[PDB]
Amino acid sequence: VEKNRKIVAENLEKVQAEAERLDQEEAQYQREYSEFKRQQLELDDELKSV
Amino acid sequence: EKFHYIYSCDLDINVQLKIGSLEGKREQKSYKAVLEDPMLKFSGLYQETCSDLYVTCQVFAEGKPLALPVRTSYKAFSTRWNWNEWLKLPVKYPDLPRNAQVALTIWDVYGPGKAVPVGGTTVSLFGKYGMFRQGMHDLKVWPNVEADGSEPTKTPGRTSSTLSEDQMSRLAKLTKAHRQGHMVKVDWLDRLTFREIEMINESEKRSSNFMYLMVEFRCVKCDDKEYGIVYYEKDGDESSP
Amino acid sequence: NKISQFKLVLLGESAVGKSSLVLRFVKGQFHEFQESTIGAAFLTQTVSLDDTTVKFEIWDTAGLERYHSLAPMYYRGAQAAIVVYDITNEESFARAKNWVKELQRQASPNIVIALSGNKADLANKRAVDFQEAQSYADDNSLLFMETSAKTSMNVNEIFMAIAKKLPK
Amino acid sequence: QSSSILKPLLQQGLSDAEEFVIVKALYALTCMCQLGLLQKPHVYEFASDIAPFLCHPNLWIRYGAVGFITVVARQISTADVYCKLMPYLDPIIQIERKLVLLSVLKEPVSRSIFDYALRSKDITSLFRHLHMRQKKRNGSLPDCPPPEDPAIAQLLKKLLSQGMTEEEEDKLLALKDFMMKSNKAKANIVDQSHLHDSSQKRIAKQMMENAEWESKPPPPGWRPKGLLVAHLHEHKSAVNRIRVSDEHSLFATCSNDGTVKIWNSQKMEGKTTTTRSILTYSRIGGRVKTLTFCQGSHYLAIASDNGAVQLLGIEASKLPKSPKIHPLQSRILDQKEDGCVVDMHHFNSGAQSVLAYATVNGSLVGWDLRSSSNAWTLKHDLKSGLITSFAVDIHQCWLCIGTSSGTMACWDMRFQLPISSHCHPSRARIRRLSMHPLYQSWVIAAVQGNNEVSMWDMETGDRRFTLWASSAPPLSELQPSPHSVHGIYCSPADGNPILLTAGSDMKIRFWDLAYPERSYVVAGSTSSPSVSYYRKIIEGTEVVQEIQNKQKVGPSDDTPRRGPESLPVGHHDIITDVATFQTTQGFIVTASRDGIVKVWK
Amino acid sequence: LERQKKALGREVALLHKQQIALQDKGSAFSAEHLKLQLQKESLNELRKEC
Ligand SMILES: Nc1nc2c(ncn2[C@@H]2O[C@H](COP(=O)(O)OP(=O)(O)OP(=O)(O)O)[C@@H](O)[C@H]2O)c(=O)[nH]1
Ligand SMILES: [Mg+2]
């Protein structure tokens, strides 16, 4: 029980550390993704000029 | 007029608030399971079993812990211990100092394999203009150490004023909703806009995952309006369309 | 044909089944895991009777007592209410009476009030006798049915009873 | 509360057994309900578990307690530890311990005070809650326990006490608990206690360098036919935007190039020369993105595609039909890496002056005009698309906005937030938005195809009216592209007129809130103008059948030419903007996409 | 108790987060490379030329 407890318990921290990590790059990717709207805006705007 | 405004020493009699529920830090189970902690190496031996906290509270003018402590009975933590007790101290309003502080702590109430859990908090009486009535309904945070939300002691809920910003915009609008502030519409469109405010409450609820709690109080006899017994010109703060 | 619109408010103690009742009526759905409502939810559904399409604008209120102070905003100008209790909970019925009282005192005098004795599928754990609830309903001109959002028993029927009583 | 006296009492000392006996009569006089009120005695008991005071008589009172203690909430569980002192005090402990162990054998064995944790059997707050509901019923409740001796174990007796009923718990799973745990004596002590229970029962910038004027609404305008009185142009380039001053209906216009083109309406009323030549110009030095007049002012605010924004003060003499001419940028506002999007400026009567413009990120940014500095910010979302129209409430309180995705979004400015969204199913990019008397309902100008207007009630979310040029009553998608692309003008006042461009037919229809049936259009048609504008119903909307006699339009080109030659006199591109002004009589301007204007009276 | 609560907590957090993450990343980036990288170019040609 003790060995496997330690093994099982401490790796949850490591697993969840990566889950928090996902939240970070996702925040960056959201800004990247937000620029898609900027590009869309520009295209739509000058297309409305067309 | 100030609803025919009258002084603090022109008041006379006891008080009766009310007291609701809380949003938890979740360190162990709702109600109780026997305290969840990986340092159980020693801690398991301490007979930690399922349990139930309670609390006690008194008051101090800091330097004298003046008030009578008073304890709590039982309600299921499935309710998040939502009491909505209406809760009273016979302390005549004139008997109350303008600078004084509440003192409350978690304790225990249902015979544990444990010793009765601490968990403090402290906060002030008066509003900015000194009237205790500024405190009437409110919210606060704290742990096994000790904290406040509206007037923070040193733990979860640790800064008071600037935290509310959009929530402070909600406080400014709460003063108008209280006054029935007359310069803007409150028709059924705005009634349904209050449906939208019911929505915004929940945003606050995410942020509430720290350690928050709900507090209440208001008068029996009404229309009436009052202030302190000494004077300063804060009433110069006034407005019109 | 003609369309008549009415604001309807759901009131009652938390967990009595207000959101379940309205989900059943609106969507023909029921979730064992229904989430407790925060604030109030807007829903709409119609019934048809006497060639009239009766469209309910429904405010499903959070029953939790902290939200009590918000209730008058949602029932102001409401032409119908359903006050819901849980038949397995006699205290939910005491709270239901106090909602009915508040409505008598503070709502529009014309309000058509329905009383729902919900969770009637759990009749073997009944705490509230049918005839007690009926006697209270009759005495106060409330439309009373025992309902079950779970099974759908009397769900459509209570909304139809309201529609019939409303001025059209 | 006030029965806490039970604790401090033990601080008074006496070793007279008589006192301990009066205390046994007091213990008899005291087995009490409140969860806390038991602990004052617990701790008196602690004094007594330091020093036992009355030997075997004490031992018997303790024995009486122990069987009741064989029932326990966890509220009782603190007393278990206290009770370990009573055996810890060697009475040959093990014989009395054995006798009592038989009397409370919830599990078979244990050891010292901490080792007291082991021999567990379950407490129950649950069935006791049911039992508190049953504080209502006693008698039969002492009659069912002896039958429970058989019903559990033996067969000595059976019961027919259904005369008392109360089946529901026995009918439910609550029946099970007695077989498992629940038993009679606890319930009799509890019944005693239940009887006890029963017994208890504004102008800081605007007056620095700007001038001032007051607004001038027309009379009801459904009555006049309009005859084309004048024709003119800003430049060949499309009109960047149009604005008409309240003062002298001073007419402001500009070329796409960023070159201004202004005129005096009273000069035109007099000299009549005004169509040939510009009254006033200004060098912007870049393409005009937007125009809006300063509310209550002669000043004019202009923004450029570089992000740069500025406010011109008017320098002019006051001589009849003869103003001196000079443009003067009085104040400047920053260009940025974020470019501009268009704006209207608002002095608020009994309240302050502010101007609001969208940034290139879509965000509304709302500057206090007097400060020439920001006062509020409201951020639009990539999901809505860009702004396709901008509108505001009468007191400015609710903003109303049409998106490039065919969603309508509103912002409570009183709360400084987007309130919510709606999106009429066809979800096309909104042309324009506006408000009418009966302010509760609002006009949306391009979602869906063959429909001219999807007028919808703001509180409802819903198209209370739907107007279509279609021969069929439902919205057959018979619209060419220009049917969805048009100018519109409405009045929340002034006898409730509405004017509407039909870009499919390139013409000005009229629709009078006073009479939809009698709505004589203001502008003509070459073939057949007359309109039987009769409203029908199909339940869900009060659909207006614009039965134009021989309109001659559909979703394809079934006529050889059908373009610029087919207009009431004054050939042109679609009416980009149409507006009413009232310098003497009421009269109207049509500004086309072609940098060209025609005036009607 | 340990095994249950950890099984409960880990499995839920993991499985939902795995599924939602795989989806939301997949979708957001695909949209860019399918559209940012395509629609924009298409409507640039019909902007500048046209
Ligand atoms: N057996 C049974 N369960 C029901 C019935 N109606 C609702 N429930 C359940 O009771 C619980 C609470 O139901 P809700 O609809 O969320 O209750 P509510 O009145 O809306 O509660 P609040 O939003 O907190 O005020 C959920 O688990 C529902 O699935 C019913 O008719 N029969
Ligand atoms: Mg609900």
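Residues numbered from 1 in each chain as written, not as in the entry; some residues may be left out. Chains lettered and ligands numbered in written order. Part of a larger assembly, values for the part shown. Heavy atoms only, no water. Residues with missing side-chain atoms left out of burial classes, pairs and counts.

cryo-EM is the method the PDB entry lists for this structure, together with a resolution of 9.800 Å.

Novice: What's the story with the overall build of chain E in this structure? I'm lost.
Specialist: Each helix and strand counted, chain E has two helices and zero strands in total. If you line up chain E on its principal axes, its C-alpha atoms span 70 × 10 × 5 Å. (Helix = DSSP H or I, 4+ residues; strand = E, 2+ residues; numbered from the N terminus.)

Novice: I tried to follow the interface of chain C and chain D on my own but got confused; where do I start?
Specialist: By a widespread convention, an interface's size corresponds to the accessible area lost as its parts come together. The interface is formed by four residues belonging to chain C together with five residues belonging to chain D. Across the side of chain C that touches chain D, the residue classes break down as one nonpolar, one polar and two charged. (Contact = heavy atoms within 4.5 Å. Nonpolar A, V, L, I, M, F, W, Y, C, P; charged D, E, K, R; others polar.)

Novice: Sorry if this is basic, but what is going on with the sheet that holds strand β4 (residues 260-263) of chain D here?
Specialist: Paired through backbone hydrogen bonds, the strands of a sheet run either parallel or antiparallel to each other. All names here are of chain D. Read across the sheet, three strands follow the order β2-β3-β4 without closing on themselves; strand pairing throughout is antiparallel. Of all the strands in the sheet, the pair left with one neighbour each is β2 (243-244) and β4. By the bridge criterion, four bridges tie strand β3 (residues 251-254) to β4 in an arrangement that is antiparallel. Counterpart to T253 in the pairing with β4 is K261. (Pairing = 2+ DSSP bridges.)

Novice: Looking at this model, I keep getting lost on the pairing of strand β13 (residues 387-392) of chain D. Mind explaining?
Specialist: Regular strands show a simple pattern: their side chains alternate between the two faces of the sheet. Residues and elements named next belong to chain D. Summarising the sheet, β13 and strand β14 (residues 398-403) pair through five bridges and their orientation is antiparallel. Following the sheet pairing, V392 is matched in β14 by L399. Taken together, β13 and the strand that follows it, β14, pair antiparallel across an intervening segment of five residues, in which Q396 is found at a positive phi of about 65°.

Novice: Help me understand the packing of helix α3 (residues 90-106) of chain C against helix α4 (residues 130-139) of chain C, please; the structure alone is not making it clear to me.
Specialist: Packed helix pairs are characterised by how far apart their axes lie and by the angle those axes make with each other. All names here are of chain C. It is at 12 Å that the axes of α3 and α4 come closest, and there the two elements cross at 5°. What the angle tells us is that α3 and α4 run roughly parallel. Taken together, the residues of α4 that come into contact with α3 (itself represented by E90, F93, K97 and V100) are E132, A133 and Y136. The residue inventory of the contact of α3 with α4, partitioned by class, reads four nonpolar, no polar and three charged. (Axes fitted to C-alpha atoms, helices over the stretch in contact; angles between N-to-C directions. Parallel < 35°, antiparallel > 145°, perpendicular 65-115°, else oblique.)

Novice: Explanation requested: the pairing of strand β2 (residues 53-60) of chain B in the structure shown.
Specialist: Residue and element names in this part refer to chain B. Inspection of the sheet shows β2 paired to strand β5 (residues 101-108) by eight bridges, in the antiparallel sense. Following the sheet pairing, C57 is matched in β5 by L104. Of the strand pairs in this sheet, β2 and strand β3 (residues 70-71) are connected by two bridges, and their pairing is antiparallel. Note that in β3 the partner of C57 across the bridge is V70.

Novice: Would you mind showing me how to read the arrangement of the chains here?
Specialist: By contact count, the dominant pairing among the four pairs of chains in contact is that of chains B and C. Regarding chain A and chain C, which are not in contact, the minimum distance between any of their C-alpha atoms is 26 Å. You won't find any contact between chain C and chain E; their C-alpha atoms come no closer than 16 Å.

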